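Each of two forms of one protein chain follows alone as structure tokens, named structure 1 and structure 2.
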Structure 1
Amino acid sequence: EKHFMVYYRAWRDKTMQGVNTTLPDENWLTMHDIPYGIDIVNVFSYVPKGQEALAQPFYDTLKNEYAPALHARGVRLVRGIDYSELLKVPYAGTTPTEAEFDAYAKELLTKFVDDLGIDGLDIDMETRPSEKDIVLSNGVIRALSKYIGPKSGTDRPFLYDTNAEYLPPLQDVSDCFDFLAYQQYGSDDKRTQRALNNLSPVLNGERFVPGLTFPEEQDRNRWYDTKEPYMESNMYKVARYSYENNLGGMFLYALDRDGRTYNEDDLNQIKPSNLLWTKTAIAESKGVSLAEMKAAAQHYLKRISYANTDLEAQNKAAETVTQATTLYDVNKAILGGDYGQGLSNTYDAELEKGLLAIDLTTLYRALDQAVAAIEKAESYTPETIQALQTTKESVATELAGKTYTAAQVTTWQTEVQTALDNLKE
């Protein structure tokens, strides 16, 4: 049971503009674009004071569109809150009672979770809080565990993310979280096992999810978790270590920045991304075999060949997939190094895996006969070849889309086959 999480920077969704940035660039992705295979999304949102109205459209879309759509895909969502939030528990006396802890836990869940249609919570603790703070945080976390996390009896996640191994705020309430999200941006599996060992008294490796980042625009820090050769990048090392040592999985920060750099062009720009590194990391963490990856890649290349006019690029991609030695290479053969540089910008290995179950052989032979008829176009009547061409191009465009169903494939088979049976001469 592996997890793959992502911290979705809310202010980089299309529904936001001018929130938490000074860059006039338009955002390029929505939450619909989050790749398949990610089972936990952390709606990570920070709104500078005075911009709440600008971020409200995103929250509305999240509650009414993104969250239902991602729930339909089996994805659970969590909200990222500061650890200090837990410290704001109201109480009358010198220390909060059990009832006051419960009241503030329900308050947090209504404020940050239920009011957005989201499932769970994520506590971002990058501090060294004192014993006084930890009393309150322990009370609040234990109260929350009644409604979210393992001790709640529900599917709702309760996560604890940190970049260090300060145990005091975690040792007394460790069993209330589904897993700990360890941020190790710019570090490989050595820091991973170092932190695992330092967290051993309070956390088992199976509930330890290491995570890396992509370069954030205008960032003062410099975390290099991507690089070629792929097998020398921190992403490969951490993913393969997580799979090999049966860790809880892996997470990534700033999904929108997949494939970006700190170069002056990327540092001050918002650009689209083929999400190559994210999908590769999902596969590497899950332990996908190279045969599986190649099969999915070839299925995708076959179902887009009817709509793609670049036969040379098709041949090159197919050959590279066959000659690929790593999952990264199989994904890059289709996606390319960067957005637009590939035969496709949206190929998703997990989505394609889901599609594998649908048989396309009938549709494929029908489309091949249609292509043969279009090749001998001068030999039929135009009034009928034009029906065939319109139907074939429409079916090929639809077949190369993001997803399809068995019923749609049946309809397309019927349409192409009718168009074929109606050719004159």
Structure 2
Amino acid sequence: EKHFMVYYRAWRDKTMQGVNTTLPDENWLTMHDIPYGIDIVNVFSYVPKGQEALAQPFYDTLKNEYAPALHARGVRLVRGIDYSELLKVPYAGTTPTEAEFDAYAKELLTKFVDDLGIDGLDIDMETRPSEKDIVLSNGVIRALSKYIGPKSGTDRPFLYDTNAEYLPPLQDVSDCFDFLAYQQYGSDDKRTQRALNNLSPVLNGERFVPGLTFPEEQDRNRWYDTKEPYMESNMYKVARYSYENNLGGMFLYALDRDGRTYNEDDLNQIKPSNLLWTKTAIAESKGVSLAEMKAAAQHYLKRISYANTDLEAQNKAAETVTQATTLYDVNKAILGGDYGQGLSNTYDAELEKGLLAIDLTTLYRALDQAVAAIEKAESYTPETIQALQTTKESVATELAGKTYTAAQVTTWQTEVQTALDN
């Protein structure tokens, strides 16, 4: 029932080069790299005038590749429009008619959502609108609720995005939204409690989703939501508070900057991330038990052991998982503190929790026989061992990949047994 949302900066996708940035650095991720356990992805895009041609490959890829792929994983896509867009509703009289509100709601969805291959909409409200404005926005939001959000009967999200608790533009239409996304960058769970109290006349806690940020390059602002020790960080405190108090979930802004700082190196550089903090916040906000976290990590360690040749790092990771006392420490035991510092750059505990339900014991017995039938190759036909080593290395490599299906496992089982049965 809970939510975990991330804001994905479109101009930091690999398909964009030189959009909305003075940095020449190559982008390092695609939307395929978004971690598991994230059920809503907000595509946040700013395209400066003149860069529309540079940004088009991303939009084509979003519509034709990224959105189908994320839908296959159960993820829904949204994007935001500024509250001011609602106030441009055309009308003939002194105020719009029900039909004029409805006409405009359909126009908004077509332009900003449907044409992009996106599923739903956020309203970004970070001002203090007038009473005249709210008559307009109330009508437009009410008209939109027939098509998206809880009142529509559909699975299309309708979200309200804000960094304050300004009630007038919300209190008449709060029932139209799946949840409120509350930006509280830089602040701990004391602010989470206060903000929810202030919003409680119009919003229940289960539909309140607090959010933190990662440090953005070149930013004049300073919001420090990650730090070690882990339990001193805002990312622990807010994720824990959301879980402890049955809130709607959590969100994170700027997925691509997971682990970055505002130091002189990070402030002007685009670098790969092991996504440690996001993967940890997903687990923490859902209250994953330490036992379950360790079980997933040990599952990963065993399945990569047949292709991975670094026995020292595998051993240190297994020991570090055993000593871990926080969800962060389990993840860090495999991912390291930063990209390339651990045994893996891609381990994903939510993904791996899914794979626990697929039995590997038959495949492990087959691969173990193959390994035994390599250590004593001096006792067999080299023309048969070669056909086994080729098949074994292939299955080992694929078994250590991103993910696999139960049907895929039986295929590797048959392949390995066949090579041994000859």
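Reference numbering: structure 1, starting with residue 1. We call the rigid core whatever largest set of C-alpha positions still superposes within 1.5 Å between the two forms.
J.: With both forms fitted on the core, check whether the Cα of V43 differs by 2 Å or more between the two structures.
T.: Moves: no, less than 2 Å.
J.: For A10, is the C-alpha shift between the two structures 2 Å or more after core superposition?
T.: Stays below the 2 Å threshold, so no.
J.: Core-aligned, does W28 move its Cα 2 Å or more between the two structures?
T.: Result for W28: no, shift under 2 Å.
J.: Rigid core superposed: how many angstrom does the CA of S379 shift between the two structures?
T.: C-alpha shift for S379: 4.1 Å.
J.: Can you give the C-alpha shift of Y306 between the two structures in Å, rounded to one decimal, after superposing the rigid core?
T.: Spelling it out: core superposed, C-alpha of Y306 shifted, distance 1.1 Å.
J.: How many angstrom apart are the two C-alpha positions of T390 between the two structures, if you fit on the rigid core?
T.: It moves 2.0 Å at the C-alpha.
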